[PDB]
Structure formats: structure tokens, C-alpha cells
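Letters go in sequence order (proteins before strands), and every chain restarts at 1. As a basis for the values below, the full set of heavy atoms in this structure was taken, side chains included, without hydrogen atoms, waters or symmetry mates.
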Amino acid sequence: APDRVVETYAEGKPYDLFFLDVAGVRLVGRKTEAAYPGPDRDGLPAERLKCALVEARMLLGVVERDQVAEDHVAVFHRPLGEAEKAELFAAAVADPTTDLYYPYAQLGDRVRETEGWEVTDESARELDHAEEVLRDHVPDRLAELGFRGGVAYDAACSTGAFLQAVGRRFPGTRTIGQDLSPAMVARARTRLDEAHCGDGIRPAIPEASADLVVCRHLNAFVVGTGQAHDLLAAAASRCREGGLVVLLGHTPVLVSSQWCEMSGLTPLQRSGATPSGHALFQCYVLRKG
Amino acid sequence: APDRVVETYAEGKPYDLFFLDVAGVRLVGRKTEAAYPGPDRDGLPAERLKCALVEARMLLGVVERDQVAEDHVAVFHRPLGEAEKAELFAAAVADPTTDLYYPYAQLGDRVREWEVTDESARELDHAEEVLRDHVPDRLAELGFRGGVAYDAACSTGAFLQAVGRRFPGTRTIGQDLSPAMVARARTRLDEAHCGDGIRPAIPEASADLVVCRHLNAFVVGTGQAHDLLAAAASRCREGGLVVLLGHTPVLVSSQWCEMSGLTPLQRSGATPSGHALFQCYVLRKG
Ligand SMILES: N[C@@H](C(=O)N[C@H]1CN([C@@H](C(=O)O)c2ccc(O)cc2)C1=O)c1ccc(O)cc1
Ligand SMILES: N[C@@H](C(=O)N[C@H]1CN([C@@H](C(=O)O)c2ccc(O)cc2)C1=O)c1ccc(O)cc1
Ligand SMILES: Nc1ncnc2c1ncn2[C@@H]1O[C@H](CSCC[C@H](N)C(=O)O)[C@@H](O)[C@H]1O
Ligand SMILES: Nc1ncnc2c1ncn2[C@@H]1O[C@H](CS)[C@@H](O)[C@H]1O
């Protein structure tokens, strides 16, 4: 017996249906608010945050097909037992090449409300807070994948917090940020070696001059799909051959790992796990060929 | 390295992206005009017609994932050579449980836009010739013994008449929304009743075969197709057969039929040559 999960375009959230590429099948689930940043301790329930994190309890089933209608999207799956949910998730957590993706990220009415970002200090602290798990995982993981400093470039550095954490992990690395918003640059001048204002489609640094390129904005509610591709190409062109390009998102990343492959960017990592194994999140680490 | 097939919503045809499920392995293609009704011959090129038929040459690759964006739909896939296309297409022809479906059929602008003449009725019948010539035979092979046959959107009556030809003694009862269609169908069926299939013209669980050739792109919407399937399949006896086909893509999934208590015995049918496949959901009612 198959089952169906549905998200409508008007009131629903198609971008909350996620696929996990595990054991040569696709598992579908529906993101809800996760235990953040880590799992619940005894007598101390973790904050619940809608964010990059998905958990095993959010899984639903093994995908057979989808159906994309005039007013909703449906995924037909074989529902998973609660035990296999845990096992398949553990297997994903054990293998950072596991893809995690959101194929309807740009589908529906809510994402059309996208309109750079001039925010208050508190709003900026909230942006930073939802990327804490990312700032704690990626730097160490870049080291495990062989990064040894150099020049690091964030093509949409917002507050500068993320690239600042890369710099701290790798002493002597020059941190170069760029952001469309002048207000953001003002904030990042306090944390980066360089902070440039301008649309990332016109990169502020020369071609093949960066050892690491970071893009945390090619996401739903930030840019559109074709925009995300053009911005990836501009950012990746700043990476030298053999360098690393990293794509992350608080909201779903709009570029597929397949498109990355097509662009000559080899995925060395597609997802990351919290240290407890309780949650997974998109983490595309790509080698520039 | 993967490749990507795109259909845009404004000018593209997302309904022409088709998928084959050859035993868990998913293939994607783009439908073009097909050799109709059968393969090219020695000195005769076949007619080429945009219809229910797909061929191996229209396949593209092994599905990796899709991406349904704000202005287009994309499928990423591992490209296939023509020989492996034909090899995989052969295995599909050899297993009629293979699913053939069009998951973006109702996506985009073109699809968001029947009291016809005998010239139009004749063109309607022509694009369905390959279905009339081979589904009834297939139904015999699957054990259909006759009885009462009901077409919930009988149009001209040509299709349900082909059923009656194949199983003499079967009582043929058609319903159609269009009064003009009923007038044609009355000259081909035992009965022809005018009215929306949502109010079926025969009693519940009184038919041994129920036919729907209208739950499809450019005919009804998605919600309508599910409502009309429910009405039509209530007319089918337990152990009877529900058959869904379409010149244009069928909007109901075989998974939705299983959730509705209808077991797929077959999901696609092939031309006698094995040159082409068409959607052919034959469901046993539970
Ligand atoms: N302007 C901000 C904005 O539109 N938030 C929306 C998207 N969302 C949640 C929802 O709809 O359930 C959500 C959150 C995370 C997730 O993974 C999925 C859904 C909002 O709330 C914004 C802030 C930071 C950012 O990186 C991008 C956008
Ligand atoms: N009013 C007729 C109509 O709108 N035809 C449209 C759909 N189409 C072709 C196209 O768009 O390339 C096409 C044809 C078959 C196919 O499998 C895929 C695409 C048209 O032309 C009509 C006639 C019979 C019927 O059962 C339903 C609709
Ligand atoms: N075309 C573009 N070029 C450079 N920066 C851009 C851009 N489009 C959006 N941005 C920047 O991307 C940032 C949002 S990325 C989403 C926020 C992220 N989670 C965070 O923690 O900061 C904003 O600062 C915005 O100014
Ligand atoms: N709700 C409905 N009930 C019965 N017939 C219907 C219908 N909607 C469309 N049709 C009928 O199906 C045919 C096109 S394939 C045509 O003869 C039309 O009158």
C-alpha cells in the first residue's frame, strides 16, 4: 500500500518536502521545527527552530513518483516503519556524501514573496543564530577535507560571522567578503579582512584568486533559480582550480549537486550531521576541476 | 556527468516529459511525434502524429532527481545511448506492469487554457485508433469475459463499440457530458446517456468493465479527475475491471488507484511491433 504527502501552493509549503538520497533510493519527509542546535537533554527540551536541520522523525517514506498539479504538489511513497526511519537516517548521518535536497523549493505562492538586506542588530543576531550549527561544522570539516588556509571568499557575506569563523579555524587565511547590501558590508567590515559592496554577479576579486569560495544565499526566499545558477558561476569563477566551493542554506539550496557536476564542480560532501547525529543539513563542498 | 532536460511554463510543454518505471529504475523522455499507428514499413514511411505513443528514441536518460522551479521544470538524468534506450524500452514492452506517466501534465500555462462536428469526431477517433485496435485484445488476454461494459465519457462511442466487437454479447452503456456526443454514441452502443459522469447513469457495482478516456490533461483538472474516477469506479463490480487511457496524459497515478482499492494489473501497453508504448492502466477492483 502506497501513501501520499501533499503541499498546496496557496497555504502550503512545497519547500518543506525534502528528499534524502540513501541506499540508491529517495526518502521523502516533511521538515518541521527541529531541536536546535542539539537534541533535547533530560528535563531540558531544546529550542525548536525552523532551519536547515531535518531529523529522522520528519521522514515519511520511500519515493516512487511525484505529481505536480495546478494548485499543489504530491509525492507518492511507500511509508517507512519507525525503525527503518532511524536506520536509514543513521546511515545518511554516517555518510556526508548523502544528498539532501528540496525539489519544490521554488514552487508555490509563498516563495513568490521574495523581494539588499538592511537589518537591525537583533535581526542580524537571529540570522547568525540559525547558522550556528553551520559555523561549528564546516570549518573543521574543510580541514578534514584538506583545506590549509589561503584566501577565503564569501560572495554574500551578510554579517561576516560565517567567514570570520573560517578565518579563526585557519590562521593566516585572508577573509574577503562581498555583499549586495551596503548595510551588511558595514557590519562585515568589523569581522573580515576585506568587505566589498556589490552584486555578486560582478565579483570584487579577480578570477581564480581564491582557495575557498562560500555561497550561503543561493536559497529559497533569497534569490530565484536561474539567478542562483548565474551567481554560482560568478562565485565559482573566483575559485582557483583545485580549490573548494561551499554552498549552504538556512532555507533550501536552489542548485542541485547534478548541476554542480555539470559545471565541473565535484561534490566531495553534500550533507552534514550535528555531532549527536540527531539532525542533518545541506552542506555542499565542491572541488573546482 | 549528468544532463538536464527543461520545459518552461510559459512556452514549454511540461506535459511532454514522460517517465518509465522499468522495475524501480526510472527513465525520463520527451515525447515527440510518433510513427502512427505502427512502425515504418519498407517503402512506406508511417504518418507521424503527436499522440499517446512514445518510442525508445524519445527517451533521454536515467532519472536522478527533478527540480520544479518558479518558471520551469527540470529533470536531471544520466544520459543513455540509443542502443541502451532501445534495450531498456524492450524490457518495458516485455513487462506491461511498467509505469508510463507524466508527472507535470497539469503544470504550466498552455494546459491552463466537445460539442464538435463529424469532422472533429473523426479526428478524435483517428488519434485513438491504436487504442481501439489493441486494448480490447489485451483485455481478453487479461481474462475479461464480457458482461456489462460502461464508458463514463463515451464521446463518439467508437471505443466502447470496439469492446463490444471484441466480446460479443457484452452490453455497452455509454455516458457523456455532451448531447452531441450522445447522439453519435447512440448509433454505436446498446445505451447512450447524457450527463456529467459525477452522476453516473448506471447503478453502483453493476458493470464488469468501466472505461475512462477523459481523466486527462486538456480535458479536466486534477481534482475533477479524482472525483470522476471515484464516481466511475463505484459503478464497477468487485472483481471487475477499470481501464484508464488517454490521447493526452492521464492525470491519476497508479498509486492513487491503489489507495482507492484498485489493483493495477497493467500500466502500459505496447504496439504489436514493440515500436511504441502507451498508457494503459487496467485495474482490478477490490
Ligand atoms: N526573510 C526571511 C524569510 O523569508 N523566512 C521565511 C522562510 N521561513 C520559514 C518557513 O516558511 O517555514 C523557514 C525557515 C527555514 C527553512 O529551512 C524553511 C522555512 C520563514 O519564516 C529569511 C531569513 C533568513 C534566510 O536565510 C532566508 C530568508
Ligand atoms: N482539444 C485537443 C487539444 O487540446 N490538443 C492539444 C494537447 N495537444 C498536443 C500538444 O500540445 O503538443 C498533444 C497531443 C497529445 C499528447 O499526448 C500530447 C500533446 C494539443 O494540440 C484534445 C483532443 C483530444 C483529447 O483527448 C484531448 C485534447
Ligand atoms: N546578488 C547578491 N550578491 C551579493 N549578496 C547578496 C546577493 N543577493 C543577496 N545577497 C545577500 O545575501 C544575504 C542573505 S543570505 C541568507 C541569510 C543567511 N542565512 C545568513 O546567515 O546571513 C543578504 O545579506 C543579502 O544582502
Ligand atoms: N465530466 C464529464 N462527464 C462525462 N463526460 C465528460 C466529462 N468531461 C468531459 N467529458 C467528455 O469526454 C470527451 C473528451 S475525452 C468528450 O466527449 C467530453 O464531452
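- For a residue to count as touching a neighbouring chain, one of its non-hydrogen atoms must lie under 4.5 Å from one of that chain's; by this rule A:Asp3 touches chain B with backbone and side chain alike.
- For B:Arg57, the CZ atom is loosely surrounded, since the number of other residues' heavy atoms within 6.0 Å does not exceed 12.
- Residue B:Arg26 comes nearest to A:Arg26 through the heavy atom pair NH2-CG, 4.4 Å, listed as atom of the first residue, atom of the second, then distance.
- Taking all atoms of both residues into account, the shortest heavy-atom contact from A:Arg65 to B:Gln255 is CD-OE1, 3.5 Å.
- A heavy-atom distance below 4.5 Å is found between the side chains of B:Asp66 and A:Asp66.
- B:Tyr101 contributes atom OH, which lies 11.0 Å from atom CZ of A:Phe76 (distance to the nearest 0.5 angstrom).
- Of the two parts of B:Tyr104, the backbone and the side chain both hold a non-hydrogen atom closer than 4.5 Å to a non-hydrogen atom of chain A.
- Residue with the most contacts toward chain A among B:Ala1, B:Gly24, B:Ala74, B:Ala69: B:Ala69 (heavy-atom pairs, distance under 4.5 Å).
- The neighbour count for A:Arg240 CZ, taken as heavy atoms of other residues, nucleotides or ligands under 6.0 Å away, is above 12.
- Put simply, the side chain of B:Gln67 never gets that close to the backbone of A:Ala105: no donor and acceptor are under 3.5 Å apart.
- Only the side chain of A:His72 comes within contact range of chain B, judged by heavy atoms closer than 4.5 Å.
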